[PDB]
Amino acid sequence: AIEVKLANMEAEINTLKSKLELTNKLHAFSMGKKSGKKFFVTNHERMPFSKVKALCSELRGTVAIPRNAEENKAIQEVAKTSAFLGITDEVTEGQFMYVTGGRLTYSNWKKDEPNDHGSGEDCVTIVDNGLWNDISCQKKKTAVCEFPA
Amino acid sequence: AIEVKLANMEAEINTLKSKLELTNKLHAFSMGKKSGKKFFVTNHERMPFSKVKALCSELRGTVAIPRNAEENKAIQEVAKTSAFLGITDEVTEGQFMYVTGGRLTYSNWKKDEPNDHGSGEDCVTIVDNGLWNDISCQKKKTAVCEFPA
Amino acid sequence: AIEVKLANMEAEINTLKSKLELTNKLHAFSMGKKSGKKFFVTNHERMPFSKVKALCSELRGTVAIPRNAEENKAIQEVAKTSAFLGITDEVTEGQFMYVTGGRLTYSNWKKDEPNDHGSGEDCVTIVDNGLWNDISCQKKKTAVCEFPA
Ligand SMILES: CO[C@@H]1O[C@H](CO)[C@@H](O[C@@H]2O[C@H](CO)[C@H](O)[C@H](O[C@]3(C(=O)O)C[C@H](O)[C@@H](NC(C)=O)[C@H]([C@H](O)[C@H](O)CO)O3)[C@H]2O)[C@H](O[C@@H]2O[C@@H](C)[C@@H](O)[C@@H](O)[C@@H]2O)[C@H]1NC(C)=O
Ligand SMILES: CO[C@@H]1O[C@H](CO)[C@@H](O[C@@H]2O[C@H](CO)[C@H](O)[C@H](O[C@]3(C(=O)O)C[C@H](O)[C@@H](NC(C)=O)[C@H]([C@H](O)[C@H](O)CO)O3)[C@H]2O)[C@H](O[C@@H]2O[C@@H](C)[C@@H](O)[C@@H](O)[C@@H]2O)[C@H]1NC(C)=O
Ligand SMILES: CC(=O)N[C@@H]1[C@@H](O[C@@H]2O[C@@H](C)[C@@H](O)[C@@H](O)[C@@H]2O)[C@H](O[C@@H]2O[C@H](CO)[C@H](O)[C@H](O[C@]3(C(=O)O)C[C@H](O)[C@@H](NC(C)=O)[C@H]([C@H](O)[C@H](O)CO)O3)[C@H]2O)[C@@H](CO)O[C@H]1O
Ligand SMILES: [Ca+2]
Ligand SMILES: [Ca+2]
Ligand SMILES: [Ca+2]
Ligand SMILES: [Ca+2]
Ligand SMILES: [Ca+2]
Ligand SMILES: [Ca+2]
Ligand SMILES: [Ca+2]
Ligand SMILES: [Ca+2]
Ligand SMILES: [Ca+2]
Ligand SMILES: [Ca+2]
Ligand SMILES: [Cl-]
Ligand SMILES: [Cl-]
Ligand SMILES: [Cl-]
């Protein structure tokens, strides 16, 4: 009994792992994930940058980061309203870095941005026209998480 | 060896349990669940109150209940049409109680309601405007379930 | 004690099986699944018929098939644009069959369709008004899958 029951349970676990993987595939599909492309998801809730970071991390994702014009538009369509991007110059003023590390490979700043206006702006929002503007990380913007391709 | 196989399998199970919980979190988020707020969801099907109660229970949820104006609006936008609420006055006419227990606190009655019209109306529906109207439980209204915050 | 650990593992696995099924049920409900009815899902991605079939099959579903006017309207609403249906006359020109087997019964062909235009058209697409047209399986249309009732 012992060894047989153990061997079976191993098959039971393997079966459940496959089922859960398929469930995740179906869930990603319904969330709009295109084949071989990373995808963006939002609950349409507005919150400060720190809360967005924590939220996406818990979901094992990251704050949405556009690496090109296509992805920039994609985020825009998902968010619908101004949302935070996973880009800040919190570590060193003037040096915008990805929250995942590294300097920007792609940008789409509005004229005269980023300006660190007034009291300061260390976060980035993608406006309702695709251009970027740095804003206060304390302002409440739409939470948009990104998941791997 | 057996003890090692067993320990290793317990580890796989814990990981799988954590992974499914993550799947649940991401799903709720994609469906609009806000931070620290109850999750309201509908399949847009209209049915009698008894079926709504049965359906939500099968999903391990309950018929949506607005505890305040904020939740009332949240349910209003998920339903979009007239939907049953988890409130009835079947025990003592005029005394509305939540299906999960307790006396009705927050209410948002429409003018001249509740009127227990005709043969009697013991269920409650949140109509398009967000206001409430008492209606026969046998009538078919949208099914909206609620899950914990 | 080995046997005690084994029995707990079985209870852990069975609890996990039930929870995964609850997750699947809740996901179907959120996707608009009506009681005792099959449901449809789409990621809004356009691809050739062979790709759609492969995708749905991988998710344990099939390319959407309207068996009546109700299902047709439902698919039309999910798709939003022209999408492939799980119906083709690839095996024998002129005789449309469901990808899962059997000859086509209910149909909703547009005026003067099907016409196997030019070199040929063996796949079927549901257009914006809900009517059908036969087209090349090589063309890219929205991927819409159906899952069991
Ligand atoms: C004066 O106050 C208002 O009076 C009207 C009419 O009595 C109420 O609306 C009726 O509500 C009853 C609920 O028991 C029914 O829904 C009536 O509707 C039908 C019906 O019985 O199903 C619709 C049928 O199509 C109709 N038959 C035909 C052949 O047309 C049928 C007959 O006319 C009826 O049997 C004759 O007695 O009537 C409604 O007309 C108002 O109640 C409010 O609105 C309704 C629609 C419900 O939502 C109630 O919960 C509301 O209180 C009532 N309003 C107030 C403020 O008192
Ligand atoms: C009178 O009957 C009607 O005839 C027209 C013209 O042939 C059909 O429309 C064509 O259908 C074919 C189906 O294979 C293609 O969709 C044609 O479209 C293209 C194409 O071949 O992809 C579009 C290309 O952009 C175009 N090329 C350029 C450079 O512009 C190309 C060329 O014109 C063509 O290849 C030259 O050889 O045409 C359609 O024009 C009608 O078919 C029906 O409507 C179309 C749009 C499809 O939905 C078909 O499945 C429909 O049956 C046809 N209608 C009927 C009722 O018989
Ligand atoms: C190109 C440029 O430099 N433009 C300047 C404006 O900044 C641009 O637009 C604003 C809206 C932001 O998007 C910037 O990122 C962008 O560069 C600038 O506008 C002012 O910017 C500051 C940024 O620190 C701020 O957004 C001002 O709005 C608020 C504020 O957040 O501080 C909005 C608050 O709701 C409001 N408070 C209340 C209680 O209503 C405050 C409040 O009025 C001030 O704190 C009072 O001191 O303002 C926004 O106006 C503009 C300002 O002069 O200058 C442009 O050159
Ligand atoms: Ca700074
Ligand atoms: Ca700055
Ligand atoms: Ca700025
Ligand atoms: Ca009564
Ligand atoms: Ca009553
Ligand atoms: Ca009434
Ligand atoms: Ca053919
Ligand atoms: Ca012809
Ligand atoms: Ca053909
Ligand atoms: Ca045709
Ligand atoms: Cl800041
Ligand atoms: Cl009643
Ligand atoms: Cl073809």
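First the proteins, then the strands, lettered A, B, ... as listed; each starts at 1. These numbers come from the heavy atoms of this one structure, side chains and all, not from hydrogens, waters or symmetry mates.
Between the side chains of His27(C) and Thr23(A), not a single donor N or O lies within less than 3.5 Å of an accepting N or O.
Interatomic distance, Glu12(A) CD to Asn14(C) CG, rounded to the nearest 0.5 Å: 8.0 Å.
Heavy atoms of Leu20(C) lying under 4.5 Å from chain A belong exclusively to its side chain. Heavy atoms of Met9(C) lying under 4.5 Å from chain A belong to its backbone as well as its side chain. In this structure, no portion of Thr15(A) lies under 4.5 Å from any heavy atom of chain C. Interface residue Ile13(C): backbone and side-chain heavy atoms are both found under 4.5 Å from chain A.
In terms of heavy atoms, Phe29(A) sits closest to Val41(C) at CE2-O, 3.6 Å.
Residues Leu26(A) and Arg60(C) are not in side-chain contact: their nearest non-hydrogen atoms beyond the backbone lie 4.5 Å or more apart. Proximity of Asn24(C) to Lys19(A): side-chain heavy atoms (C-beta onward) are nowhere separated by under 4.5 Å.
Applying the 6.0 Å contact sphere to NZ of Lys73(A) captures no more than 12 heavy atoms from other residues, nucleotides or ligands. Remark: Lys110(A) NZ is packed, more than 12 non-hydrogen atoms of other residues, nucleotides or ligands lying under 6.0 Å away. By the neighbour-count criterion of 12 heavy atoms within 6.0 Å, atom NZ of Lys51(C) is sparsely surrounded, having that number or fewer from other residues, nucleotides or ligands. Shown here is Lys38(A), whose NZ atom has more than 12 heavy atoms of other residues, nucleotides or ligands within 6.0 Å.
Using modelled atom types, one side-chain atom of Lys34(A) and one backbone atom of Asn43(C) make a donor-acceptor pair closer than 3.5 Å. Checking side-chain atoms of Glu45(C) against main-chain N and O of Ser35(A) turns up a donor-acceptor pair under 3.5 Å.
Residues satisfying the ring pair (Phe, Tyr, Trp, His ring centres under 6.0 Å) criterion with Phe49(A), sequence neighbours excluded, are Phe84(A).
Ranked by heavy-atom pairs under 4.5 Å with chain A, the first of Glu10(C), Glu3(C), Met47(C) is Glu10(C).
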